[PDB]
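Working notes, structure below.
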Amino acid sequence: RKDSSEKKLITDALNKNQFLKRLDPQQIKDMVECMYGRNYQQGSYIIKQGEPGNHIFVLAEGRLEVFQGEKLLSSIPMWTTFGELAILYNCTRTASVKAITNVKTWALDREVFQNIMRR
Ligand SMILES: Nc1ncnc2c1ncn2[C@@H]1O[C@@H]2COP(=O)(O)O[C@H]2[C@H]1O
Ligand SMILES: [Ca+2]
Ligand SMILES: [Co+2]
Ligand SMILES: [Co+2]
Ligand SMILES: [Co+2]
């Protein structure tokens with residue numbers, strides 16, 4: 001699915017996330033190899049506040065904004081991990097994440113994220 005170049009970009013994105021610094025390099029490597037590409041059209045939501053957390057994402061291309069309601073929280077820089085809170089802490093999505101342009105993410109599903117933690 002990915003060359004060494006993309007694997008390195010995703011790896012760095014995951015390693016920079018404060019809540020993921022706990023994981024071993026083997027766990028990160030496993031996440032990377034398992035991640036799958038998903039595109040989103042402009043104006044669609046990658047994440048909706050209040051939903052369960054079924055995926056963790058890395059922004060690979062395009063622009064994303066984080067919202068509570070109509071209120072803007074943050075612009076997600078390229079190669080940033082997001083959607084991790086609801087996964088790690090068994091909570092609901094804390095905010096919505098909207099596609100400001102057409103977007104590509106790398107995504108990992110929740111159960112896999114935990115199978116990897118079960119290795
Ligand atoms: N203030 C904020 N700034 C940047 N990102 C945020 C902020 N609040 C929430 N997020 C991100 O938005 C995501 C929405 O779903 P999660 O709660 O799973 O994980 C959340 C974080 O990755
Ligand atoms: Ca990150
Ligand atoms: Co979906
Ligand atoms: Co580009
Ligand atoms: Co762009």
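Residue numbers start at 1 in each chain; chains themselves are named A, B, ... in the order of the structure tokens; ligands are numbered from 1 in the order shown.
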
Env. residues ligand 2 / 12 Å / only C-alpha atoms and all ligand atoms / as a PyMOL selection string: chain A and resi 9-21+56-60+76-84

Would you list the contacts of residue 65 of chain A as a list in words, taking every protein, DNA or RNA residue within 12 Å and counting only C-alpha atoms, but skipping same-chain residues closer than 6 positions in sequence? residues 42, 43, 44, 45, 46, 47, 48, 59, 71, 72, 73, 74, 75, 76, 77, 78, 82, 95, 96, 97, 98, 99, 100, 101 and 103 of chain A

Neighbour list for residue 38 of chain A as a PDB file with N, CA and C atoms, in the first residue's frame, cut-off 8 Å, only C-alpha atoms, skip fewer than 3 positions in-chain:
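See out-v8.pdb below for the written result:
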```
ATOM      1  N   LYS A 104      -6.988  13.693   1.639  1.00  0.00           N
ATOM      2  CA  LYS A 104      -6.647  12.301   1.861  1.00  0.00           C
ATOM      3  C   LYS A 104      -6.141  12.075   3.279  1.00  0.00           C
ATOM      4  N   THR A 105      -6.684  11.049   3.926  1.00  0.00           N
ATOM      5  CA  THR A 105      -6.184  10.606   5.219  1.00  0.00           C
ATOM      6  C   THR A 105      -5.609   9.188   5.123  1.00  0.00           C
ATOM      7  N   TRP A 106      -4.709   8.857   6.029  1.00  0.00           N
ATOM      8  CA  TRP A 106      -4.457   7.464   6.363  1.00  0.00           C
ATOM      9  C   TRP A 106      -5.273   7.167   7.591  1.00  0.00           C
ATOM     10  N   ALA A 107      -5.933   6.012   7.619  1.00  0.00           N
ATOM     11  CA  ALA A 107      -6.831   5.662   8.724  1.00  0.00           C
ATOM     12  C   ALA A 107      -6.549   4.271   9.316  1.00  0.00           C
TER      13      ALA A 107
END
```

Determine, using only C-alpha atoms and all ligand atoms, which residues of chain A have any atom at most 6 Å from an atom of ligand 5, and tabulate each with its shortest atom pair and distance in Å to one decimal place, rows ordered by chain and then rising number, as a Markdown table.
```
| residue | atom | partner | partner_atom_place_in_ligand_line | distance |
| --- | --- | --- | --- | --- |
| A:61 | CA | ligand 5 | 1 (Co) | 5.2 |
| A:62 | CA | ligand 5 | 1 (Co) | 3.5 |
| A:63 | CA | ligand 5 | 1 (Co) | 5.7 |
```

For the selection you just gave me, I'd like the residues written to a file as a PDB file, in the first residue's frame, keeping N, CA and C atoms.
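Ended up saving to selection_35.pdb:
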```
ATOM      1  N   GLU A  61      -3.054  14.802   2.855  1.00  0.00           N
ATOM      2  CA  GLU A  61      -3.190  15.816   1.806  1.00  0.00           C
ATOM      3  C   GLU A  61      -4.495  16.605   1.994  1.00  0.00           C
ATOM      4  N   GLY A  62      -4.451  17.909   1.751  1.00  0.00           N
ATOM      5  CA  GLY A  62      -5.627  18.745   1.900  1.00  0.00           C
ATOM      6  C   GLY A  62      -5.658  19.476   3.233  1.00  0.00           C
ATOM      7  N   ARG A  63      -6.748  20.191   3.490  1.00  0.00           N
ATOM      8  CA  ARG A  63      -6.858  21.019   4.687  1.00  0.00           C
ATOM      9  C   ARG A  63      -8.036  20.607   5.570  1.00  0.00           C
TER      10      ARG A  63
END
```

(message) With DSSP run on the backbone, what are the alpha helix (DSSP H) residues within chain A? I'd like them as a count of residues only.
(response) 34

Exercise: residue 116 of chain A partners within 10 Å, only C-alpha atoms, chain neighbours under 6 positions left out, as a PDB file with N, CA, C and O atoms, in the first residue's frame:
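This went into around18.pdb:
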```pdb
ATOM      1  N   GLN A  26       7.683  -0.907  17.511  1.00  0.00           N
ATOM      2  CA  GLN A  26       7.073  -2.032  16.813  1.00  0.00           C
ATOM      3  C   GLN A  26       5.572  -1.816  16.675  1.00  0.00           C
ATOM      4  O   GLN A  26       4.958  -2.166  15.665  1.00  0.00           O
ATOM      5  N   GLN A  27       4.979  -1.230  17.703  1.00  0.00           N
ATOM      6  CA  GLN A  27       3.556  -0.935  17.668  1.00  0.00           C
ATOM      7  C   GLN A  27       3.244   0.124  16.625  1.00  0.00           C
ATOM      8  O   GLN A  27       2.271   0.003  15.878  1.00  0.00           O
ATOM      9  N   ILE A  28       4.079   1.158  16.571  1.00  0.00           N
ATOM     10  CA  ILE A  28       3.904   2.205  15.577  1.00  0.00           C
ATOM     11  C   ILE A  28       4.034   1.594  14.190  1.00  0.00           C
ATOM     12  O   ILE A  28       3.208   1.845  13.314  1.00  0.00           O
ATOM     13  N   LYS A  29       5.067   0.780  14.003  1.00  0.00           N
ATOM     14  CA  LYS A  29       5.312   0.149  12.716  1.00  0.00           C
ATOM     15  C   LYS A  29       4.105  -0.659  12.288  1.00  0.00           C
ATOM     16  O   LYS A  29       3.692  -0.614  11.132  1.00  0.00           O
ATOM     17  N   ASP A  30       3.520  -1.383  13.235  1.00  0.00           N
ATOM     18  CA  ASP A  30       2.334  -2.176  12.945  1.00  0.00           C
ATOM     19  C   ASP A  30       1.143  -1.314  12.534  1.00  0.00           C
ATOM     20  O   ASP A  30       0.415  -1.659  11.605  1.00  0.00           O
ATOM     21  N   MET A  31       0.948  -0.191  13.215  1.00  0.00           N
ATOM     22  CA  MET A  31      -0.118   0.735  12.843  1.00  0.00           C
ATOM     23  C   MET A  31       0.055   1.218  11.404  1.00  0.00           C
ATOM     24  O   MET A  31      -0.891   1.176  10.613  1.00  0.00           O
ATOM     25  N   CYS A  34      -0.698  -1.330   8.665  1.00  0.00           N
ATOM     26  CA  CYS A  34      -2.131  -1.588   8.648  1.00  0.00           C
ATOM     27  C   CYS A  34      -3.018  -0.418   8.153  1.00  0.00           C
ATOM     28  O   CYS A  34      -4.175  -0.601   7.795  1.00  0.00           O
ATOM     29  N   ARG A 110     -10.555   1.180  14.949  1.00  0.00           N
ATOM     30  CA  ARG A 110     -10.438   0.963  16.387  1.00  0.00           C
ATOM     31  C   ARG A 110     -10.038  -0.471  16.793  1.00  0.00           C
ATOM     32  O   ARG A 110      -9.099  -0.652  17.566  1.00  0.00           O
TER      33      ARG A 110
END
```

As a PyMOL selection string, please: all residues of chain A that backbone DSSP puts in strand (DSSP E or B). chain A and resi 36-40+45-47+52+55-61+64-68+71-76+81-82+92+96-99+103-109

- Message: Which residues are near residue 91 of chain A? Cut-off 12 Å, only C-alpha atoms, ignore same chain within fewer than 2 positions. Put them as a PyMOL selection string.
- Response: chain A and resi 49-54+83-89+93-95
